[PDB]
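*Asks:* Take this structure first; my questions come after.
Please note: Cβ atoms are built from the backbone with ideal geometry, for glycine as well, and neighbour counts cover all protein chains shown. Computed from the coordinates by the stated procedures, all read-outs in this text should not be read as laboratory data.
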Amino acid sequence: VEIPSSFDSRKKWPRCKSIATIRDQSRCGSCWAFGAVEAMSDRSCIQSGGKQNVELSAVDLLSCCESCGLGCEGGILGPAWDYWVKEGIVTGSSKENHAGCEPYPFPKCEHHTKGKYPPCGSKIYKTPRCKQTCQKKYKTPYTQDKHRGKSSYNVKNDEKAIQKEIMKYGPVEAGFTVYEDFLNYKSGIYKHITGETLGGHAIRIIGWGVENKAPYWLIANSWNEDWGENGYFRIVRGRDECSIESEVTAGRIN
Ligand SMILES: *[C@H](CC(=O)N1C(=O)C=C(OC)[C@@H]1CC(C)C)[C@H](C)NC(=O)[C@H](CC(C)C)NC(=O)[C@H](CC(C)C)OC(=O)[C@H]([C@@H](C)CC)N(C)C
Ligand code: NA
């Protein structure tokens, strides 16, 4: 297929409201689970023609997946997508909206940036317990609120392959190496210039563009709407910047 010079999943599939939703992982290293349930929510809606229009529970995946790593201390993408295929994930929104089966237990906080929420700080929550119970007001039993995928896969470490996957099947999850200067990001096209590694981060790629001849990926972060560009950031595209093209994972419902 011919790849357009820009693409925005929010513009292709505007009925799928999850695609334009920015979440907040709070005082928890649950980026791996947020990028997963966000892209899964998007792809569930896109690949079902808008029939499965849901917000999947970050806390269900975070608390119940035994193979996904260390919970709030960080996790692993492949096993998150396998969990969705095999066990599936219930619905659940933010602490503040408290919709769906299992809403997130942790409140919105600022991630090394200024704004209207309390600062996240340096102290981490304990990983929540796997409770397998829908909130009292939600009248579907937990097991019957599960949304499952059919397949999960890593995407080839090829710019055009990543672009074709996003354009055909929807937003993808992606890992990258976070350096200290990423914490100073306010706007524009990020590339690593200063600072030491802080480990890995997992995000959702929703599209791509070019500004002043500089190509970028358009990415949803899970640090609330005050961070970056109303919750989004852009990062150099085509040079495997911070390994952004090398840890892409996704999957399909059919
Ligand atoms: C989510 C990313 C994140 O929340 N943060 C940052 O990247 C930087 C931050 O603030 C300075 C925040 C909050 C932290 C201070 C806690 C999450 C921490 N990252 C991960 O889960 C990544 C995801 C991949 C796909 C990039 N993976 C890891 O951290 C892995 C997880 C284990 C289970 C393998 O852990 C490590 O890389 C590492 C070792 C266990 C490696 C043998 N540690 C735990 C950093
Ligand atoms: Na901002």
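*Asks:* From Cα pairs below 8 angstrom and at least 6 apart in sequence, can you work out the relative contact order of the chain, rounded to a whole percent?
*Replies:* On the way: 597 pairs, mean separation 63.5, N = 254.
Computed over the chain, the figure is 25 percent.
*Asks:* Evaluate 2.2 N^0.38 Å with N set to the residue count of the stretch 122-254, then give the Cα radius of gyration divided by it.
*Replies:* Working: Rg = 17.5 Å, N = 133, 2.2 N^0.38 = 14.1 Å.
Expressed relative to 2.2 N^0.38 Å, the Cα Rg reads 1.24.
*Asks:* Treating only the Cβ of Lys, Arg, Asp and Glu as charged (+1, +1, -1, -1), what charge dipole size does the chain show about its Cα centre? Round to the nearest 20 debye.
*Replies:* Numbers: 36 positive and 30 negative charges, 194 e Å.
Computed charge dipole of the chain: roughly 940 debye.
*Asks:* I've got another one for you. Once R0 is set to 22 Å, what does the formula 1/(1 + (r/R0)^6) return for the Cβ-Cβ distance between residue 6 and residue 154, expressed as a FRET efficiency to the nearest 0.05?
*Replies:* Working: r = 25 Å, r/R0 = 1.14.
The calculated FRET efficiency here is 0.30.
*Asks:* Considering only the other residues whose Cβ falls under 14 Å of the Cβ of residue 56, what net charge follows from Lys and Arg at +1 and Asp and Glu at -1? Mind showing how you got there, number by number?
*Replies:* Numbers: positive: 17, 23, 43, 146, 148, 204; negative: 38, 42, 55, 60, 87, 102, 145, 173.
Taking every Cβ under 14 Å from that of residue 56, the sum is -2.
*Asks:* Rounded to whole Å and ordered largest first, report the semi-axes of the equivalent ellipsoid of the stretch 73-183 derived from its Cα gyration tensor (root of 5λ). Please report the intermediate quantities before stating the final value.
*Replies:* Working: eigenvalues 142, 124, 35 Å².
One finds semi-axes of 27, 25, 13 Å for the stretch 73-183.
*Asks:* List every residue whose amide H lies under 5 Å from the amide H of residue 16, counting only residues 5 or more places away in sequence or on a different chain, with H placed 1.01 Å from N in the peptide plane.
*Replies:* none
*Asks:* Something else: Each label point is 7 Å from the Cα along the Cα-to-Cβ direction; what then is the distance between the points at residue 164 and residue 136, in nm?
*Replies:* Each label point is offset 7 Å from its Cα along the Cβ direction, giving 5.3 nm.
*Asks:* Let me ask something else about it. In Å, what Rg and Dmax follow from the Cα atoms of the chain?
*Replies:* For the chain, the Cα-based Rg and Dmax read 17.0, 53 Å.
*Asks:* State the answer as a single residue: which of 128, 91, 197 lies farthest towards the positive end of the charge dipole of the chain, with beta carbon charges of +1 for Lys and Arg and -1 for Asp and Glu, about the Cα centre.
*Replies:* Most positive-ward Cα: 91.
*Asks:* Continuing with this model, one more query. Treating only the Cβ atoms of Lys and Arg (+1) and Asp and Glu (-1) as charged, compute the dipole magnitude of the stretch 127-224 about its Cα centre; round to the nearest 20 debye.
*Replies:* On the way: 16 positive and 9 negative charges, 173 e Å.
That gives the stretch 127-224 a dipole magnitude of about 840 debye.
*Asks:* Separate question: What are the ³J(HN,Hα) values, in whole Hz, obtained from phi via the Karplus relation 6.51 cos²θ - 1.76 cosθ + 1.60 with θ = phi - 60°, for each residue of the stretch 198-203 in sequence order, with x given for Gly and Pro?
*Replies:* Karplus values, whole Hz, x for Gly and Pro: 10, x, x, 10, 10, 9.
*Asks:* Please turn the phi angles of the stretch 82-96 into ³J(HN,Hα) values with the Karplus equation 6.51 cos²θ - 1.76 cosθ + 1.60 (θ = phi - 60°), one per residue in order, whole Hz, x for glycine and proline.
*Replies:* 5, 4, 4, 5, 8, 9, x, 10, 6, 8, x, 9, 5, 4, 6
*Asks:* Skipping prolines and chain starts, which residues have an amide H placed within reach, meaning under 5 Å, of the one on residue 224, given they are 5 or more residues away or on another chain?
*Replies:* 23, 24, 25
*Asks:* Cα gyration tensor of the stretch 191-254, axes a ≥ b ≥ c as square roots of the eigenvalues: rounded (a/c below 1.5), prolate (a/b > b/c) or oblate? Before the final figure, lay out the partial values.
*Replies:* On the way: a/c = 1.23, a/b = 1.18, b/c = 1.04.
Cα axes put the stretch 191-254 in the rounded bin.
*Asks:* Let me ask another. Lone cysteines in the chain, defined as no other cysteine's Cβ under 4.7 Å from theirs: which are they?
*Replies:* Among the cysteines of the chain, those whose Cβ sits 4.7 Å or more from every other are 31, 242.
*Asks:* Using amide H atoms built in the peptide plane, which far-off residues or other-chain residues are under 5 Å from residue 56 H to H?
*Replies:* 41, 92
*Asks:* Please give, to one decimal in nm, the separation of the simple spin-label points placed at residue 197 and residue 48, each 7 Å out from Cα toward the Cβ.
*Replies:* Once both label points are built, they end up 3.9 nm from each other.
*Asks:* Separate question: When the Karplus curve 6.51 cos²θ - 1.76 cosθ + 1.60 is applied with θ = phi - 60°, which whole-Hz ³J(HN,Hα) does each residue of the stretch 27-43 get, with x for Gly and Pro?
*Replies:* Along the stretch 27-43, the couplings run 7, 7, x, 9, 3, 4, 7, 5, x, 5, 5, 5, 5, 5, 4, 4, 5 Hz.
*Asks:* A further question on this structure: In a shell of Cβ-Cβ distance under 15 Å around residue 133, excluding residue 133 itself, what net charge do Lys and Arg (+1) and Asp and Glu (-1) give? Walk me through the numbers before you get to the answer.
*Replies:* Working: positive: 129, 131, 136, 137, 139, 146; negative: 60, 102, 145.
Taking every other residue near residue 133 into account, the sum is +3.
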